[PDB]
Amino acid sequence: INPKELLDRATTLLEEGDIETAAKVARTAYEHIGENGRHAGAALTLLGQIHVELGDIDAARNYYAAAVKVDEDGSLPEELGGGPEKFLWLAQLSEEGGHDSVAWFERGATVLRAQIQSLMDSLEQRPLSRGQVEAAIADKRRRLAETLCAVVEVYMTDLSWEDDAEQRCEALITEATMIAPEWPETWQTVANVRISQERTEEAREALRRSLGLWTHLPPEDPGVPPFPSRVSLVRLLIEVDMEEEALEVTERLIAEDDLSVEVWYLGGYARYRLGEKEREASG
């Protein structure tokens, strides 16, 4: 006899690691809410999230797709709407990629910009604890940076047709630079873009800056970039002719995971090319 009750238990069951039951409590929760219930979005988004951690992408994509049909605008309060996350995951999940993925990514980015500015207006009212608001803003900024950089990767990859593709990137990294100067991934994105523009020495500066943001931090620290990000970093360092850097990076990756395949081929090709530079010294 309580709609919110099931969700608050579904989210708790998800953090519990118990996904199977969380999906059940959640799916039942949406039956009571209804197709046009007040909480329809919030539930469907959660339903979508759980089914990602399970493995069923087709269902998770349909959940999020539904959660958007209810709240196309994304205007609705996060408690009911489920916020912009669905927009973001409909972009990642999209097997189509390309302009499809960029479209959804933008729908999410614009909402995050709204949620941030609204929260920045709340700081002015100054609720008794502002540290909670500051933290939440930092998360929204990061999640936005994650989105901006993700669009670039699509324009660096799938979409390389129009001149539009080049300018949109330059504005994306302009924004990524402002909101997340601390995040190494942004400068990797900056670097990667500058490579497309053939501005090689600038790609170095960004990579050097990205490295200097975590290279010191031990693998304890939250801030180290995720594995697949560092693998991408390496792919850039070699393309820029900074093999000595990739050398030190791969050396750390093999220590963390003695099973990855590409990391070894990169570490090798790095020392191959680095070798070819030494052979050029004398002749």
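Each residue number is its position in the shown sequence, starting from 1.
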item	value
Between 12 to 20 and 261 to 269 (mean CA B-factor, as deposited), the higher	12 to 20
Selected stretch [higher average CA B-factor]: 208 to 216 or 129 to 137	129 to 137
Highest-ranked of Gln92, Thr110, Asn192, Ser118 once sorted by CA temperature factor in the record	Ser118
Deposited CA B-factor, highest of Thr45, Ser232, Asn36, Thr250	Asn36
Third of chain Cα B-factors occupied by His99	highest
Chain thirds of CA B-factor: placement of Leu76	middle
Where the record places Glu202 (Cα B-factor, split into thirds across the chain)	middle
Position of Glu124 among the chain's modelled residues by C-alpha B-factor, lowest, middle or highest third	highest
Assigned third (lowest, middle, highest) for the C-alpha B factor of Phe87	lowest
